[PDB]
Structures are given as structure tokens and as C-alpha cells.
Amino acid sequence: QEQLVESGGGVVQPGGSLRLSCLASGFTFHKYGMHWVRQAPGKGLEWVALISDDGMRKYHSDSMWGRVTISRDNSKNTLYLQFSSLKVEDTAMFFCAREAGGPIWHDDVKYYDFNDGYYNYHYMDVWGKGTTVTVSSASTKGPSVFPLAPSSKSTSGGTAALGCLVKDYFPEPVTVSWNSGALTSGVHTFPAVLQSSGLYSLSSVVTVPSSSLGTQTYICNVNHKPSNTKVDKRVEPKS
Amino acid sequence: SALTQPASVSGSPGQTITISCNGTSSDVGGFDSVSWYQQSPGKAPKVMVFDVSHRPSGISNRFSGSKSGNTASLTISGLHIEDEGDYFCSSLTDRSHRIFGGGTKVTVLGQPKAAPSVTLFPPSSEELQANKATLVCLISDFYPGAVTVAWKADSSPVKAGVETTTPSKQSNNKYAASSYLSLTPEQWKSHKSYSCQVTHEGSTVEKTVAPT
Ligand SMILES: *[C@@H]1O[C@H](CO)[C@@H](O)[C@H](O)[C@H]1NC(C)=O
């Protein structure tokens with residue numbers, strides 16, 4: 001029942017400061033080394049820093065040195081990560097991981113380090129669920145909706161693909177429906193992307209019969225409840 | 001810096017699969033301190049293997065670790081549905097740092113493999129009139145959920161202004177992804193063609209659009 005619970009994450013503006021926390025339970029915190037590991041969206045695990053049991057030895061990755069500071073409060077069972085001047089590229093999930101440790105065994109004899117200290121085992125045995133940091137300068141903004149018109153290039157014999165480009169919005173929840181909900185078959189709304197701007201963009205596509213192009217009208221119903229914007233756009237084929 | 005892993009490894013239930021992890025003499029080749037982590041969607045990572053070949057308590061005998069020179073390997077025998085996820089190798093550094101690999105998506109095949117359907121949309125005239133331009137590449141119905149997307153302006157590749165999503169399930173259990181190439185209306189009209197090149201399971205699809 002060893003646990004690690006991260007907090008402090010959310011939406012923060014670039015150039016600002018931010019303190020992340022990680023509360024440990026179910027083990028004696030001061031006996032172990034602790035790490036911070038980040039994961040940028042759709043990317044791999046990336047080691048940030050390690051702090052010794054006593055908080056006297058600190059190691060930081062070269063990509064994070066100068067930006068972040070690791071600390072711990074052995075009286076409060078807490079780990080910290082302090083940011084000075086955040087950058088839009090710092091956007092990631094931050095995981096708190098315990099460094100595995102204990103005595104070294106030799107001929108069925110337990111050996112400890114000076115002052116009953118544990119030796120590091122060189123693996124992370126307990127992990128938290130993470131806290132997400134989203135660095136963006138943006139304020140509430142409604143989307144721009146553009147048609148992704150069907151043509152020969154989007155026609156796969158019998159059917160045809162058409163969509164809606166939902167550009168430059170903030171914050172995250174955008175909803176897309178087709179023909180006021182009357183069309184659900186063949187609909188896919190892709191996850192949003194977070195551009196260098198600090199704004200999100202997304203696409204929604206629908207597969208329809210090629211016969212209907214010219215007769216049936218297709219409309220995407222875009223919903224941005226945070227900006228109270230609703231956009232109904234008719235995607236029709238071009239010439 | 002990062003240890004090198006294949007992006008995707010797949011197999012049928014019961015099969016045996018292997019994940020490689022390439023490092024150097026200052027990490028993988030330097031110590032017997034290679035650990036492996038499994039990350040299931042919505043779940044915290046968990047240690048599978050440590051110190052090259054050792055298993056923690058509660059980890060199945062089906063997971064085994066090995067090392068040869070600067071290369072470490074994780075083997076999964078009798079592949080199970082619950083082994084699906086991303087696998088990361090890690091190593092201790094000669095600087096007392098930790099280095100992780102890029103990760104490997106492990107798919108336990110539950111349906112036949114499908115190559116992607118690629119639809120490339122040029123910027124709409126509405127967008128061009130708004131002094132913006134976006135090329136939209138839609139990648140759908142592929143399985144397993146791992147693709148590589150590359151853009152070309154004429155025949156030369158373009159890395160600036162590219163944003164690609166991570167594949168997600170498209171309700172019918174297949175995966176979909178999208179990639180965008182943001183340009184100024186001027187850049188769009190300055191080149192003869194633009195291409196979206198998608199690689200899945202060693203096979204490639206390339207669609208081309210031209211300012212017309
Ligand atoms: C790593 O190196 C080995 C041999 O040293 C090779 O066979 C393998 O394809 C490589 N793996 C990656 C992910 O580059």
C-alpha cells in the first residue's frame with residue numbers, strides 16, 4: 001500500500017513560476033531517493049531529476065538543468081519540483097517515482113550505509129499517476145471552422161470522405177456533430193493538437209455515399225461551450 | 001539524450017516477442033542496471049525487470065530480461081491481452097543520472113492488420129482568404145495503432161510547421177490519426193506540390209496535392 005500522489009499541475013502562463021508536490025504514504029519516506037519523470041504529449045518517459053534520501057545530493061537532466069529545482073520535506077513526506085520561467089515546451093505529465101532501496105546482502109548479513117541509510121537499487125519501484133502541466137498564454141477564444149470539401153481525391157469508390165477543420169480555439173472542450181446528430185455512422189473526431197500559439201485545433205470527418213454528393217446537404221455542428229460559440233458549417237464539394 | 005527502442009512490436013496471444021534497447025558504454029554497456037517499465041492507458045508505470053534480468057515480486061515469469069554489449073532486451077513469452085501498452089527501458093548513467101528509451105507500443109493482435117487510408121486536404125479557399133493555410137492529412141482505419149508521418153514541399157522534406165496526433169481508437173477498434181502542415185498563403189503558392197507520406201508496418205502511402 002505504498003502510494004505517491006502528485007498535485008500542483010494545471011494551465012499556467014509562460015514565463016511564470018510553478019511548484020509541483022508529491023505526497024508519499026505507506027513507507028518511510030526519508031529512507032528513500034526520489035525522482036521526477038516527465039512525459040510530453042504522445043511522447044516517451046523522460047527522467048527530470050533525483051534527490052537523495054537526506055536531500056543533500058541532487059541530480060538534474062541536461063534538458064532541465066537551470067529550469068527546475070528538486071527538494072523534499074522529510075517531516076511532511078513530500079517531494080517538490082520548482083519551476084522558474086515556464087516555457088510552452090515544458091507542457092507534460094509529471095510523474096513522481098520512488099528510487100528502490102534497502103540494505104546490501106552479503107553471506108546472509110544485512111549491510112546498511114552510514115547513519116542506517118539505504119543503498120539505491122537502480123530502479124523505480126513505486127510511481128504516482130502524474131500531474132499535468134499545460135503552458136499556454138491563451139485566453140478563451142472561439143474556433144474558426146473551415147470545410148474539408150469532398151472531391152475525387154477523397155472518394156474511395158462507393159463512398160466519399162468530408163470534414164471540418166476546427167482551428168485556433170481555447171480552452172480544450174470542442175464538440176462536433178454532423179447533420180444535427182442525424183449522421184453518426186462514419187463520424188470520427190480527432191484529438192486536438194496544441195500549437196506553438198497556445199491554441200488548440202482539431203478535425204472531424206464523415207464518410208458518405210458518392211451518389212449523395214450533389215443531392216444531400218452535409219453540415220458540421222461545432223460546439224465550444226467555454227466561449228459559448230456554436231458554428232454550423234455546410235461542407236459541399238468544390239469545382 | 002535517449003536510449004533507442006523500436007516504435008512498435010506486435011504478436012498474437014501465446015506468441016513470444018522481444019523489445020531491443022540500444023545504449024552506450026556510459027549507460028547500458030557500462031552497468032548491469034537496466035530496468036523495464038510497462039505503461040497501460042490511464043495507469044501509472046510499473047517495473048517489470050531490473051538489474052538486466054531480475055523480476056520484482058508479483059511479476060510474471062513470462063517477462064525476461066537480457067543484455068549483450070550496449071544492447072538490452074525484454075522478452076515476453078505467451079503474450080497476453082493484459083501485456084498491451086508502452087514499454088520503456090531505463091539505465092543508470094556514469095554521471096549518476098537515469099536515461100530512458102523512446103518507448104515501444106506492444107500490441108497483442110485481436111483483429112487482422114490493416115494499412116491506413118490516407119486523405120490529404122489542401123487549404124480551403126475560405127482559409128486562404130483568412131490569410132492562413134493548413135494542409136490536413138487524415139490517416140484512418142489502420143491496425144496496429146502506430147504510423148510514421150512525413151511531409152515534403154516539392155520533393156524536399158519539411159519538418160517546420162508539422163503537428164501530428166497520437167493514434168486513437170476510431171470506435172470500430174481500428175486507430176486513426178491526423179497530421180497538419182501550417183503554411184502562409186504565400187509559401188503554399190511558392191512550391192509546385194506538397195506530399196503527406198505515411199508509413200505503417202514497413203509499407204508506405206504517399207498522397208500529393210498541388211496549388212490549383
Ligand atoms: C539495436 O542494435 C541491434 C544490434 O546491436 C540491432 O539488431 C537492432 O535493430 C537495433 N534496435 C534499434 C531500436 O535501433
Side-chain angles (χ1 to χ4, degrees), chain A residues 4 35 37 39 41-50 57 59-63 95-97 99-100 120-128 130 144-151 154 161-163 165 167-168 187-188 190-196 201-203 205 207 233 235, chain B residues 1-2 5 31-37 39 42-45 47 49-51 54 56 86 88 90-93 95-103 117 119-127 130 132 134 136 138 140 161 163-168 170-171 176-180 182 207 209:
Chain A
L4 294 174
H35 304 263
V37 176
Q39 180 161 58
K43 302 292 154 189
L45 297 173
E46 184 191 327
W47 179 75
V48 169
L50 163 68
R57 290 148 274 130
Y59 308 93
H60 302 80
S61 84
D62 301 328
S63 4
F95 295 93
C96 177
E99 171 71 4
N120 295 340
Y121 288 170
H122 323 291
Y123 75 100
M124 300 158 192
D125 62 353
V126 182
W127 289 81
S144 256
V145 183
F146 302 105
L148 300 178
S151 58
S154 67
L162 56 100
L165 176 59
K167 249 204 141 257
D168 304 314
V187 176
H188 187 84
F190 291 83
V193 69
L194 190 62
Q195 304 159 274
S196 248
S201 291
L202 160 156
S203 296
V205 289
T207 46
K233 175 75 91 182
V235 188
Chain B
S1 205
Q5 281 182 261
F31 311 86
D32 283 1
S33 295
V34 178
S35 52
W36 292 87
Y37 307 87
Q39 179 175 56
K43 269 107 95 51
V47 243
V49 175
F50 69 92
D51 293 338
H54 303 86
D86 301 329
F88 303 91
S90 178
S91 189
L92 176 71
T93 290
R95 297 215 283 131
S96 276
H97 283 209
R98 306 306 156 98
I99 306 296
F100 280 92
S117 293
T119 314
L120 174 62
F121 291 103
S124 64
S125 54
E126 270 199 62
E127 201 187 14
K132 299 146 78 279
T134 312
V136 176
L138 311 159
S140 64
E163 299 284 357
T164 313
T165 73
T166 283
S168 62
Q170 64 183 86
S171 90
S178 56
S179 183
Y180 305 96
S182 285
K207 301 288 187 94
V209 291

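We use all heavy atoms of the structure for the numbers below, so side chains are in, but hydrogens, waters and symmetry mates are not. Just so we're on the same page: letters track the sequence lines, and every chain starts at 1.
In this structure, chain A has no heavy atom under 4.5 Å from any part of B:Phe31. The part of B:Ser35 that comes within reach of chain A is its side chain, from C-beta onward, which places non-hydrogen atoms under 4.5 angstrom from that chain. With a 4.5 angstrom heavy-atom cutoff, A:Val187 does not touch chain B via any of its atoms. For B:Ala177, the part sitting under 4.5 Å from any heavy atom of chain A is the backbone (N, CA, C, O) and nothing else. Residue contact with chain A, scored on non-hydrogen atoms closer than 4.5 Å, involves the side chain of B:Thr165 exclusively.
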Before giving the answer on side chain to side chain contact (heavy atoms under 4.5 Å, CB included), spell out for A:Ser203 and B:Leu138 the whole-Å C-alpha distance, their side-chain angles and the decisive distance to 0.1 Å. CA-CA 9 Å; A:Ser203 296; B:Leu138 311 159; 4.2 Å; yes
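Across every non-hydrogen atom of A:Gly44 and B:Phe88, the tightest pair is CA-CE2, 3.5 Å. Nearest approach of B:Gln39 to A:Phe95, heavy atoms of both residues: NE2-CZ, 3.5 Å. Considering all non-hydrogen atoms of both residues, A:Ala161 and B:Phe121 come closest at O-CZ, 4.1 Å. Closest non-hydrogen pair, A:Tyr59 versus B:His97, comes out as CB-CD2, 4.4 Å. Scanning all heavy atoms of the two residues, the minimum distance from A:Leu148 to B:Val136 falls at CD1-CG1, 4.0 Å. For A:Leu45 against B:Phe100, the heavy-atom pair with the smallest separation is O-CB, 3.2 Å.
A distance-only check finds no donor-acceptor pair linking the side chain of A:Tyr121 to the backbone of B:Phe50 [under 3.5 Å].
Between B:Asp86 and A:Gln39, the closest side-chain pair of non-hydrogen atoms is not below 4.5 Å. A heavy-atom distance below 4.5 Å is found between the side chains of A:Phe146 and B:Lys132.
The distance from atom CG of A:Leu50 to atom CG of B:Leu92, rounded to the nearest 0.5 Å, is 10.0 Å.
For the set A:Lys43, A:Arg57, A:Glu46, A:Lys167, the count of heavy-atom pairs under 4.5 angstrom toward chain B peaks at A:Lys167. Ranked by non-hydrogen atom pairs under 4.5 Å with chain A, the options B:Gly102, B:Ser33, B:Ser1 are led by B:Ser33. Per-residue heavy-atom pair counts under 4.5 Å with chain A were compared for B:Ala176, B:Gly103, B:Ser168, and the maximum is reached by B:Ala176.
Ion pairing between B:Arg98 and A:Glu99 holds under the 4.0 Å rule for side-chain N and carboxylate O.
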